[PDB]
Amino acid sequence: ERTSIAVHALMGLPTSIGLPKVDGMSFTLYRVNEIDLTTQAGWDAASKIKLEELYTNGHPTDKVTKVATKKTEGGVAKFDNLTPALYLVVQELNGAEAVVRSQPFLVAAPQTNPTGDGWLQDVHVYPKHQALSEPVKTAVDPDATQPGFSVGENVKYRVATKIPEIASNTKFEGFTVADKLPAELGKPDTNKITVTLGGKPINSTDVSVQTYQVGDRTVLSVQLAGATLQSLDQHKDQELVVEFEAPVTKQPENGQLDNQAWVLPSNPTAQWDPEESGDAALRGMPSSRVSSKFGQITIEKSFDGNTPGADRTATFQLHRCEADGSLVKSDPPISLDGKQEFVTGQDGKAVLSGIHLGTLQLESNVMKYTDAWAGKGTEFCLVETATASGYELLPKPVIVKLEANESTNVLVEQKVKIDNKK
């Protein structure tokens, strides 16, 4: 007689068949070798088993043999056409969403109907897991000398992760927060990476802060181990907060400087790329997205309607102005990649790149765009500081409209044609 094991992945704390079922939860079925439950030797052996003998350190031992691996659909993962045996069901870390997984457990097939009336060939089991909340990622300007984090300045990120309540008398296997920085960022400043749990620093021995390169991007990894990890289950609903700064080294080609972090309830031995995604991949819980919007101004200078050429040059500074076109009080020139003035080339062009305009991120739970230049006038403007011999300097700032908003998903550009006059 063929048997079946239907695995219903329940979300909740074991006190439970009324709990919600979850799709996309991944389980592997193993057969327990050399246990025949139809004999007294096999039955006595199976009441003797210690789970560590069958599965330990995140992996199946020689004592078991893999049958199949499957994801829940409609709340259930059904393993059909099974020969009678003792089975071990193992929830895996490669489900559709990251969860605090169920521990391995034994299932006999077939079983006696609990009523006594005959055999149950189709068995049902109800392992519980706990959900991970989506971490909240934000960006912060760490130095307010110039608004925002234009190319040549540092950005700071904050990743706030909630510690879930897990099953009574169980422990977290691990706890990693990983962030694959966008390519436009340099390596995080070692002295500015911080980690707190419920507002308190964590002792260094317990927290491993690592960076590693994957292609042209740096991954920052923070992993909890030691006593901190073993006691993490006592910090339910507290926040683990990771903050770091990194240099904005170039303008994103599409204007989008985008960051996400990922939480994994496991401490991989291999260097984990959280944005890897084949079926075998350890699935993290991704954070809320942060997108910072960049803009570029291109000046096209002429001198009496002609290309400037080899003996005609003008210089501009970028500023903020008020609604009436006048400079914001005490407005300093704006620095971009360490330049505070911009000289026109023989072709008349000057490019002001890597202007950070503002940031879209989650605020009190809703995606919100904030203008990085809020409160410093209303627009950008250019001041002409030098020109060619025989020409007049522009006496007023040149207003340049350059802004972003929550829908912005390409590089914001403005071309400014200026014809120096005689």
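Each residue number is its position in the shown sequence, starting from 1.
According to the entry, the stretch of the deposited sequence that connects residue 15 to residue 16 contains 10 or more residues lacking coordinates, which leaves a long gap in the model. Comparing 96-104 with 153-161, the higher mean C-alpha B-factor in the PDB entry belongs to 96-104. Once the C-alpha B-factors are averaged per stretch, 267-275 and 182-190 rank with 267-275 first. Note on 391, 369, 380, 27: the highest value goes to 391, judged by CA B factor as recorded. The residue among 114, 338, 308, 142 whose C-alpha carries the highest B-factor in the deposited model is 114.
Among all modelled residues in this chain, the alpha-carbon of residue 387 has a temperature factor (C-alpha) in the middle third.
Residue 374: CA B factor in the middle third of modelled residues in this chain (values from the PDB entry).
Sort the modelled residues of the chain by CA B factor and residue 258 lands in the lowest third. Ranked within its chain, residue 243 lands in the lowest third, by CA B factor from the PDB record. Among all modelled residues in its chain, residue 397 ranks in the middle third by Cα B-factor.
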